[PDB]
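**Q** Experimental structure and sequence below, a few questions after.
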Amino acid sequence: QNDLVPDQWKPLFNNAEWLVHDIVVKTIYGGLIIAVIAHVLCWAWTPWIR
Amino acid sequence: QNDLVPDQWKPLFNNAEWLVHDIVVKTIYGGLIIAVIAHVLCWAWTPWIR
Amino acid sequence: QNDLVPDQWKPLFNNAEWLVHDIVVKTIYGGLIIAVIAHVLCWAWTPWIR
Amino acid sequence: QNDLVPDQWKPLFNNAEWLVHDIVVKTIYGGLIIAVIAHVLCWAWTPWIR
Amino acid sequence: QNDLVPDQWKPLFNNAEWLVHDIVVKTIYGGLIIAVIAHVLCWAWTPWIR
Amino acid sequence: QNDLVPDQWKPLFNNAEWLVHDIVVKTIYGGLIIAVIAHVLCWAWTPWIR
Amino acid sequence: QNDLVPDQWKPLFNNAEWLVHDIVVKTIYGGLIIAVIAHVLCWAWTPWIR
Amino acid sequence: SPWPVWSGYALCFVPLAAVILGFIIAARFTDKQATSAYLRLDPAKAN
Amino acid sequence: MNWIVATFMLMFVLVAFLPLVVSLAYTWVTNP
Amino acid sequence: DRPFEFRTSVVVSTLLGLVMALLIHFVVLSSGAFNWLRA
Amino acid sequence: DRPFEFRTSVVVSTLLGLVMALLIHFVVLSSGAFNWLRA
Amino acid sequence: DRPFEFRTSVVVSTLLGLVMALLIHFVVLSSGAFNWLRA
Amino acid sequence: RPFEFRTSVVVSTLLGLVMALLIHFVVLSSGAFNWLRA
Amino acid sequence: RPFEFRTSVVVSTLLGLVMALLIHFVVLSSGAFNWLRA
Amino acid sequence: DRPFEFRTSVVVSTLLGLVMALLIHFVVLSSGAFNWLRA
Amino acid sequence: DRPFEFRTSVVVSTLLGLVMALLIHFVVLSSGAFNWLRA
Amino acid sequence: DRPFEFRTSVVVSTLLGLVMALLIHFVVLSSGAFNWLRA
Amino acid sequence: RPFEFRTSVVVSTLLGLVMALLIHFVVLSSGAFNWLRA
Amino acid sequence: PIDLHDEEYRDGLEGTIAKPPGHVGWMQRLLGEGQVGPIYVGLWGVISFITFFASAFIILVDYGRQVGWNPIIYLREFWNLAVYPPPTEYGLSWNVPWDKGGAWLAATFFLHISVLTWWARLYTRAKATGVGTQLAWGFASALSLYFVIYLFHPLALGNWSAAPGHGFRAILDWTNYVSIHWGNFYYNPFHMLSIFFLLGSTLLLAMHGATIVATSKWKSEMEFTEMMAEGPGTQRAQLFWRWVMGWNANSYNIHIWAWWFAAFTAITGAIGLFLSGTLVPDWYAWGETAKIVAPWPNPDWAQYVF
Amino acid sequence: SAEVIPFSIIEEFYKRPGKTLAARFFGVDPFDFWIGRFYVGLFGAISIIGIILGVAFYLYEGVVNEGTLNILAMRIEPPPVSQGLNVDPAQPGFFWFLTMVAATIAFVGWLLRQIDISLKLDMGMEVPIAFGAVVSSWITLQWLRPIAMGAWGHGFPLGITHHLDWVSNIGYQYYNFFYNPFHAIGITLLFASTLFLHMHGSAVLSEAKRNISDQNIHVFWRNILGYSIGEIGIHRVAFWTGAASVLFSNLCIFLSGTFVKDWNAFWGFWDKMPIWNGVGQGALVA
Amino acid sequence: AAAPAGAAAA
Ligand code: BCL
Ligand code: BCL
Ligand code: BCL
Ligand code: BCL
Ligand code: BCL
Ligand SMILES: CC[C@H]1c2cc3[nH]c4c(c3C)C(=O)[C@H](C(=O)OC)c4c3nc(cc4[nH]c(cc(n2)[C@@H]1C)c(C(C)=O)c4C)[C@@H](C)[C@@H]3CCC(=O)OC/C=C(\C)CCC[C@H](C)CCC[C@H](C)CCCC(C)C
Ligand SMILES: CCCCCC/C=C/CCCCCCCCCC(=O)O[C@H](COC(=O)CCCCCCCCCCCCCCC)COP(=O)(O)OC[C@@H](O)CO
Ligand SMILES: CCCCCC/C=C\CCCCCCCCCC(=O)O[C@H](COC(=O)CCCCCCCCCCCCCCC)COP(=O)(O)OC[C@@H](O)CO
Ligand SMILES: CC(C)=CCC/C(C)=C/C=C/C(C)=C/C=C/C(C)=C/C=C/C=C(C)/C=C/C=C(C)/C=C/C1=C(C)CCCC1(C)C
Ligand SMILES: CCCCCCCCO[C@@H]1[C@@H](O)[C@H](O)[C@@H](CO)O[C@H]1O
Ligand SMILES: CCCCCCCCO[C@@H]1[C@@H](O)[C@H](O)[C@@H](CO)O[C@H]1O
Ligand SMILES: [Mn+2]
């Protein structure tokens, strides 16, 4: 079970939940990068605070 | 049972599920390619950001 | 049972399911050919993108 | 039980199911012929695509 | 109790079912002639296709 | 039971059922005669097909 | 399982709830800092008390 | 005249009296049946 | 309309829903 | 055994008679045909 | 065995008499035929 | 055992005939084509 | 026994009756034929 | 068997009947053909 | 054993295809872009 | 063991994709920005 | 032991993200501040 | 299993989300700030 | 001699389908039972199915015709689409155009047939098992009002447009219009009786459910075995209602109260609706003549104006 | 196993002293006893005081101050809306206020007495919950909505046929009341409650005096609907549906005069959503 | 003999 989990997070995660968690955090990081780029582009087009 | 699955993903997948996964991943890649082509053509037709 | 199905797809199909599958895929191929011909004829009649 | 069924379709049919299947396919063929004749007559009456 | 039924239809019919089946098919054949005559008379009265 | 019924209809009928069946068919014939006479009289009165 | 929670809070916290608590308090502090910055920026933009 | 029409008694007052009297009598008889002596499990052993 | 008294009374109307929700939650929890 | 009890007959007849008497008195009172209880 | 008990007879007759007395007083008062409680 | 019961067929046919008679009478007599029961 | 005669009889008879009634209703509402016209 | 013949027969017959009725009604209401005109 | 049975896959795909065919046909008919069934 | 099954994730993803595709097609058709199906 | 389950956390976060994305996209479309799907 | 920690965190999350949505929609529909103006 | 297994696992027309029963977990946790199927599909059950779906097909196709065969307008306008009975210019005639009343006539005939066949199904399936026929007669009492609404009140009034349209909003409109046409329905005495019985039914359902759940620790909900000998749960329920109201009931006659309170509602409603147009054309004026309307000479109308 | 018990022993077995709410708050219940068949305790005295005073005030406002002996022609009406939330002993609507307060006291006392009697017999608290639903319905009709609107003259009058005039005028002021969503939910739940009551009564009566097993009714309800609910499940469904029917209809009447003025203009958003606006032609637009 | 349902079954 708690073989691939680091020692700090053993009381919280399983073997498979750790892998699914890692997938989720990578997806969130990619989404954040894309969102920042999109917000900069839309501001360069039309600023919304005047 | 867990023979064709890579050793990293054995806790999560099976042989049948690994095969069906591969099918789904290929379908998603093809769909994304077609969607990119369609969006480029529609932008060349009439741009939707003015 | 799992005799006429290829060895790669044994964990998913029977003989009967394999036969019915083959029938379905041939039907889909024929329908797709007819659909392509119909879309070409309709575009030749009146285009829908202007 | 499976005497009249061809060797390829043994795992799917019986004698009774084979007989009923033959009746059904003959009915479908006759209906298709009648439908084609009716469509030709109705187009000769008033064409529906202009 | 299957001696009236022909050898071909033994796995599907019974003596009583064979008798009732004969009654039903005779009724259908009798009604079809009346339907034909009624349609001919109604067309002679007022045609419905113009 | 199954004594006054002809040997053909013994699998389907009974003594009491045979008697009641005879009553029913006689009633149906009488009703049909009355209906024919009523239809002739009503057509002589005022035809419904013009 | 109470071995990492301090002896002062052992009756109230578990090993997992201690870590989840720490995550929650860090999130709260970060949100408070961001909210303060946002309120300072909006006040510099247009003051709402006049 | 201060009196209702005959339909007033036919449709309104007689049905109201019937409803009230029927409720009283039905309640009397259901409570009479409920509180009689019949097969019960002994409260001492059951609890 | 004051909009402060009205929202307090709306909160009371919503709080009136609570015992039934607690009954459903109790039934769900007590029948694993 | 007799079809009906005496108690049932008494109850039915008495109730029907009382209802009918009240209904007829109130129907006759409000018609205005007789000079009875008139102001 | 008697059909009816004495208690039920007493209750029914007493209630009927009281209800009839109240109803007749109400009707005669609302008729307006007698002076009685006029202002 | 018995594939068909006489009683069920009798019930169904009788009900169908009655319903058809009622429907046909209604449709015919509510159309005004025949001079039947005219005020 | 895969197919039962009683089911086929009931279904076919009911379908025919429903179709006949529907066609009569539609033709009466169409107004194309004289039929029960005033 | 994975599939029964009676189920497929029932489903196909019902689907065909529904499609025929729907097409007939749509073509009748279209007004393109001189059919059942008042 | 297996994620999905063959029967459920067939039923779902067939139903989705029929619904899409009907939807697209009706949208194209009511759009008014093609002549088709007119006048 | 596993938090989610493959079957559930496949069903949810397919349903979400279909619903989003239909919604976007409807919004773009009713917006009027593109010619598309015009009379 | 664990105060909350991983599956419920995933479900809640995913659903909240989808709902907020749709809400913000509809508000920004309806505001009229950007061109976007004009004409 | 104790209920205090879970109850507190759930109620805090719900209250924060509701407050944020309500305040944003109140500020947007007042016109005091420019924000999303045509 | 009744074999329940044969009654539930038989083949053929006079038999069941969905033979391997399913199972739903949340129903098991909440309601206490989760098995789904098998379901009996004998005669009187195919006829109801076929006639109901014929009427439903007619209605939905006419919806589509009205919209114009446009699926998006169909989805937008689905909850305010309807098919209406022929207007007042026609009487009870059936020679009505399809888009002006013929569709309603056909669909309503098929609906009548389906409800009658469903009654027959209930009756025969009750007799086939070992139970009595009480649900069939309750359905008959419910169907009295249905046939008054759709067949007999229009027949006595003389037009088909006295009947509701087939639509989500059309029933609300029918209720409003029928109340408005014949005076005010609040002054209909049999409408008062119907409301008495309906609210009593809701009150009694809540009371019985609450008092059986409250005493369920001693298995009081096994009302079949409690009618042979009553244990602590039923004794506690009896004592509760005796110390509250001064009188109580059994685990037997409470369900008699339930049956009759639910039955009287439809009967009183049917009588009131039938009398509504044919004998008393105006209920407020009738109530004025019957001395049940309050004077109200100086209303305070500042409450009813914005 | 079972024998004939005359019901005197079952009543005398379960009588215990002091397990009520007042017995837990004060350490003793002042009126902890039985009068006839009824249990008198605290909240059993408050309720009876309220009942007597409410009946007296109602009849005085009806017979006197209106001069009518006809019980179906009284108008026990609140103050006008120009008085606000003020109470004045010298103005019309004072005996309506007194009656309303007494009735509130009576209903809350009845609820608390039900809680007491539940506590004595070691039962659950389902009956107080189900009754508190309709008590809260009365409270929102006569207290919360008048206070939020701003006057005591927004409550309904307590006349027998005249409270139906208030219902009619309020329902036609916010026309169309049928188009209220919570109204529709409440009506649906009322109809469902009546249907479920008829079904349960029929089902239990149909198996009563018969030499059959307790599994026949499950087969009956599975042959007809494909699904049989169970024995505790039906009583749970009854309880929940009964309570929810009035819980949902509190909201409709509260929101009728405070946040909404028109239930036809409420549905104006539906045709303006971007998914289907601008797709029709003349008379099929919007 | 006497039963809750009003029956008197031996
Ligand atoms: C949903 C419809 C039918 C069905 C319709 C088809 C069709 C059609 C085909 C198959 C094929 C297969 N199906 Mg199948 N199949 C079904 C149900 C099943 C089930 C099941 C238990 O339910 C199983 C196990 C299978 C299994 C299989 C495999 C045995 C077989 C090969 C898969 C493969 O390797 O190529 C699958 C292909 C990919 C994984 C990639 C292709 C997907 C593309 C990318 C999607 C977009 C296409 C578009 C043209 C894009 C291409 C160009 C891009 C720009 C690059 N099917 C259902 C019931 N199936 C294929 C076959 O027999 O020959 C190889 C095949 O052509
Ligand atoms: C409505 C469906 C009917 C049915 C109606 C028919 C009809 C009609 C036929 C069969 C045929 C068959 N049916 Mg069948 N059959 C049904 C149900 C079943 C069931 C079952 C478990 O329920 C089974 C096991 C079968 C079994 C079979 C096979 C024994 C037999 C051969 C199939 C084959 O090899 O073609 C392989 C499949 C294809 C090659 C697909 C063809 C479809 C085409 C491509 C679609 C477009 C047609 C187009 C005009 C031609 C192509 C144009 C393109 C440009 C290329 N049927 C149901 C009840 N069946 C066929 C036969 O020969 O009977 C002896 C046949 O003609
Ligand atoms: C003449 C004017 C109308 C017309 C008005 C009617 C009316 C009205 C009726 C029919 C009925 C019939 N019409 Mg026509 N019919 C018309 C035009 C047609 C046309 C056509 C192409 O134009 C056709 C094919 C028909 C065909 C039919 C048949 C469906 C049916 C014949 C009776 C039957 O089936 O016997 C079946 C056998 C019986 C009915 C036996 C009856 C049994 C007993 C005798 C019932 C007697 C009741 C008795 C009083 C009870 C007392 C017993 C006590 C114990 C004492 N009609 C014209 C338009 N038609 C009848 C029907 O639908 O019946 C089903 C019917 O009532
Ligand atoms: C004039 C108004 C200004 C403006 C002035 C401000 C000011 C002032 C503030 C914000 C703040 C916010 N603004 Mg702003 N903002 C503007 C316009 C926008 C627009 C837009 C499209 O126009 C958007 C999208 C936003 C968005 C935001 C958010 C980032 C933020 C709200 C915090 C929140 O929701 O916490 C509520 C959410 C929670 C409490 C829950 C948090 C939990 C997280 C999300 C993780 C949950 C998942 C996890 C699994 C937990 C589940 C546990 C389960 C029980 C298992 N603003 C305009 C320009 N904005 C506020 C802020 O706090 O900054 C950080 C703030 O003070
Ligand atoms: C500027 C115009 C308005 C104003 C507009 C707003 C707006 C708009 C908001 C506030 C909010 C707040 N305002 Mg203000 N506010 C004003 C003036 C004031 C005055 C004053 C004395 O004048 C006071 C005391 C406040 C006080 C407050 C607090 C109640 C609150 C910010 C603290 C907080 O709760 O964060 C505590 C910490 C948190 C909530 C942490 C949660 C943040 C986490 C990180 C979620 C972020 C979202 C993120 C995108 C999620 C990503 C998930 C991952 C990708 C998976 N305001 C003026 C009048 N105010 C915010 C609020 O109500 O939030 C509850 C808010 O949205
Ligand atoms: C929640 C779903 C339904 C429901 C259930 C419910 N009601 C309940 C219960 C439950 C579970 C009880 O346990 C309880 C009960 O039976 O206890 C004996 C009760 C009860 N619900 C009752 C009635 C009732 N419930 C109703 C409705 C409903 N109750 C629902 C639809 C209705 C209406 C109008 O729909 C009424 C009339 C009583 C039979 C009883 C409550 C007994 C009680 O509260 O006693 C206190 C007071 C008196 C006995 C006398 C009061 C006298 C007044 C003080 C004087 C008159 C003033 C009054 C304001 C005038 C009103 C005149 C009207 C014409 C306007
Ligand atoms: C339009 C409005 C019309 C209004 C009409 C109202 C009708 C009223 C009549 C009420 C029924 C009176 C019954 C009298 C006879 C019952 C005798 C009895 O006691 O019946 C017992 C059960 O009755 C019981 O639940 C008691 C009776 C059944 C329970 C109540 C049933 C009625 C339920 C509501 C129906 C209307 C009541 C309310 C109306 C608003 C069973 O006992 P047995 O083992 O058979 O006893 C054998 C011997 O000891 C001699 O009998
Ligand atoms: C909406 C209109 C207003 C509301 C009116 C409410 C009043 C009554 C409704 C119905 C009340 C009766 C209910 C069932 C009858 C009680 C049953 C009974 O009979 O119970 C009796 C209890 O009543 C006793 O003492 C006496 C109990 C007290 C009765 C008197 C209570 C009056 C309450 C005030 C009424 C309003 C007054 C307003 C003045 C203008 C005693 O019976 P026993 O001989 O000991 O029994 C024999 C044994 O089996 C048990 O001991
Ligand atoms: C519409 C119009 C305008 C008119 C309508 C016309 C019409 C239809 C009229 C109908 C009239 C009828 C039906 C009259 C009925 C009168 C009766 C029943 C009187 C009963 C008396 C009962 C009496 C005196 C009872 C006395 C009881 C006593 C003294 C009891 C005493 C006692 C008893 C029993 C118990 C304890 C000991 C105690 C001594 C106290
Ligand atoms: C079984 C149903 C009873 C049938 C009642 C028939 C009522 C006939 O009533 C019809 C009207 O409906 C019709 O509009 C006019 C046309 O001039 O003539 C009348 O006779
Ligand atoms: C428990 C609630 C008691 C009633 C609450 C209302 C307090 C009464 O207080 C009212 C104010 O609410 C009102 O604004 C003015 C005139 O309208 O007169 C005051 O007396
Ligand atoms: Mn019960």
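**A** Looks like it arrived, so ask away. Residues are numbered from 1 along each chain as shown, chains lettered A, B, ... in the order given. Ligands and ions are numbered 1, 2, ... in the order given.
**Q** State the distance from the residue most central in space within chain A to residue C:41.
**A** Nearest to the mean C-alpha position of chain A, counting by CA atoms, centre = their mean, stands residue A:28 at 2.5 Å. In this view, residue A:28 and residue C:41 are 48 Å apart by CB to CB, to the nearest Å. All C-beta spots, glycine's among them, are computed from the backbone N, C-alpha and C.
**Q** again, but for residue T:282
**A** Separation of residue T:282 from residue C:41 (CB to CB): 32 Å.
**Q** Same drill for those two, tell me which one is more crowded.
**A** Shown here are residue T:282 and residue C:41; by other CB atoms under 10 Å in any protein chain shown, residue C:41 has more neighbours (9 against 5).
**Q** Residue 19: what's it in contact with?
**A** In the absence of a named chain, this looks at chain A. Contacts for residue A:19 (CB atoms under 8 Å, 6 or more residues apart in numbering or on different chains) come out as A:4, B:9, B:11-12.
**Q** Let me rephrase: I mean chain S.
**A** Contacts of residue S:19 (CB under 8 Å, 6+ apart): S:9, S:37-38.
**Q** just curious, which of these is nearest to residue S:70?
**A** Closest approach to residue S:70 among the contacts of residue S:19 (CB to CB): residue S:37, at 38.7 Å.
**Q** What helix or strand is the residue positioned nearest the centre of chain H located in?
**A** Central residue of chain H (CA atoms, centre = their mean): residue H:23, 2.4 Å from the mean position. Here residue H:23, judged by DSSP states H and E, is contained in helix H:14-34.
**Q** roughly how far out does that helix sit from the chain middle?
**A** Here the centre of helix H:14-34 is set off from its chain's centre by 2 Å, with CA atoms, centre = their mean, to the nearest Å.
**Q** Contacts for it, please.
**A** With CB under 8 Å, 6+ apart as the criterion, helix H:14-34 contacts J:19, J:23, S:189, S:193, S:196, S:238, S:247-250, S:253, S:257, U:6.
**Q** Give me the buried entries from the residues you listed.
**A** S:189, S:193, S:196, S:238, S:248-250, S:253, S:257 (16 or more other CB atoms under 10 Å in any protein chain shown).
**Q** Out of those residues, which sit inside helices?
**A** If you go by DSSP state H, the buried ones among the contacts of helix H:14-34 have S:189, S:193, S:196, S:238, S:257 in helices.
**Q** With distance to chain Q added, can I get these in JSON lines?
**A** Below are those laid out as JSON lines (distance: CB to the nearest CB, whole Å):
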{"residue": "S:189", "distance to chain Q": "52"}
{"residue": "S:193", "distance to chain Q": "49"}
{"residue": "S:196", "distance to chain Q": "46"}
{"residue": "S:238", "distance to chain Q": "45"}
{"residue": "S:257", "distance to chain Q": "45"}
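**Q** Residue S:83: which of those is nearest?
**A** residue S:193 (32.5 Å).
**Q** residues in chain I within reach of chain S, list them.
**A** Residues of chain I lying near chain S by CB under 8 Å from any CB of the partner chain: I:24, I:27-28, I:31-32.
**Q** Of the contacts of residue S:19, select the buried ones using a ChimeraX command.
**A** One line in ChimeraX is enough to select the buried ones among those; burial here means 16+ other CB under 10 Å:
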select /S:37,38
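**Q** Going by distance to residue A:37, which of the contacts of residue S:19 wins?
**A** Looking across the contacts of residue S:19 and measuring by CB to CB, the closest to residue A:37 is residue S:37, at 53.9 Å.
**Q** for the closest one, what are its contacts?
**A** With contact set as CB under 8 Å, 6+ apart, residue S:37 has these partners: S:16-22, T:222, T:226-227.
**Q** What of residue T:257?
**A** Residue T:257 touches T:145, T:148-149, T:154, T:174, counting by CB under 8 Å, 6+ apart.
**Q** Tell me the spacing between it and chain J.
**A** 43 Å (CB to the nearest CB, to the nearest Å).
**Q** What segments of the stretch 51-200 of chain T are helices?
**A** Secondary structure of the stretch 51-200 of chain T (DSSP state H, counting those that start in this stretch): helices located at T:94-120, T:126-139, T:145-149, T:163-173, T:181-205.
**Q** Output the ones you listed as TSV; include the columns mean neighbour count and distance to chain U.
**A** As requested, those are exported to TSV (neighbours: other CB atoms under 10 Å in any protein chain shown; distance: least, CB to the nearest CB, whole Å):
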stretch	mean neighbour count	distance to chain U
helix T:94-120	20	23
helix T:126-139	21	22
helix T:145-149	22	47
helix T:163-173	16	41
helix T:181-205	20	10
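**Q** Using a markdown table, lay out these together with distance to residue S:121.
**A** Formatted as a markdown table, those follow (distance: least, CB to CB, whole Å):
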| stretch | distance to residue S:121 |
| --- | --- |
| helix T:94-120 | 43 |
| helix T:126-139 | 34 |
| helix T:145-149 | 47 |
| helix T:163-173 | 40 |
| helix T:181-205 | 15 |
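**Q** between these, which one is nearest to residue B:50?
**A** Nearest to residue B:50 among the helices of the stretch 51-200 of chain T is helix T:181-205 (40.2 Å), distances taken as CB to CB.
**Q** Buried by neighbour count: which residues of the helix holding residue H:23 qualify?
**A** Buried-residue list, helix H:14-34, by 16+ other CB under 10 Å: H:15, H:30-31, H:33-34.
**Q** With chain M as the reference, measure out to the single nearest residue of chain U relative to chain K.
**A** Distances between chain U and chain K by CB to the nearest CB are smallest at residue U:8, namely 18.7 Å. When CB to the nearest CB is the yardstick, residue U:8 and chain M sit 46 Å from each other.
**Q** Does residue S:258 touch residue T:197 like I think?
**A** Yes. Counting by CB atoms under 8 Å, residue S:258 touches residue T:197, with 5.1 Å between them.
**Q** Give me the common contacts of the two.
**A** S:201, S:204-205.
**Q** In helices, which of those appear?
**A** Assigned to helices by DSSP H, the following of the shared contacts of residue S:258 and residue T:197 qualify: S:201, S:204-205.
**Q** With adjacent residues omitted, what lies nearest to residue S:124?
**A** residue S:44 (6.3 Å; CB to CB, 6 or more residues apart in numbering or on different chains).
**Q** For that neighbour, give me its contacts.
**A** When contacts are taken as CB under 8 Å, 6+ apart, residue S:44 is in contact with S:117-118, S:120-121, S:124.
**Q** tell me which residues in the helix or strand that contains residue A:22 are buried?
**A** Taking DSSP H and E as the definition, residue A:22 sits inside helix A:15-45. Buried residues in helix A:15-45, defined by neighbour count with 16+ other CB under 10 Å: A:15-21.
**Q** Stretch S:163-183 now?
**A** S:163-167, S:170, S:172-174, S:176, S:178-179, S:182-183.
**Q** ok, now how distant is residue S:51 from ligand 10?
**A** 19 Å (CB to the nearest ligand atom, to the nearest Å).
**Q** again, but for residue T:199
**A** For residue T:199, the distance to ligand 10 equals 32 Å [CB to the nearest ligand atom].
**Q** So which residues on chain S come close to chain U?
**A** For chain S, the contact set with chain U under CB under 8 Å from any CB comprises S:226-230, S:250-252.
**Q** Could you export the residues you listed as JSON lines, including distance to ligand 8?
**A** Putting the residues of chain S next to chain U into JSON lines (distance: CB to the nearest ligand atom, whole Å) gives the following:
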{"residue": "S:226", "distance to ligand 8": "22"}
{"residue": "S:227", "distance to ligand 8": "23"}
{"residue": "S:228", "distance to ligand 8": "24"}
{"residue": "S:229", "distance to ligand 8": "22"}
{"residue": "S:230", "distance to ligand 8": "18"}
{"residue": "S:250", "distance to ligand 8": "16"}
{"residue": "S:251", "distance to ligand 8": "19"}
{"residue": "S:252", "distance to ligand 8": "20"}
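**Q** Out of those residues, which end up buried?
**A** For the residues of chain S next to chain U, a burial check counting by 16+ other CB under 10 Å picks out S:226-227, S:229-230, S:250-252.
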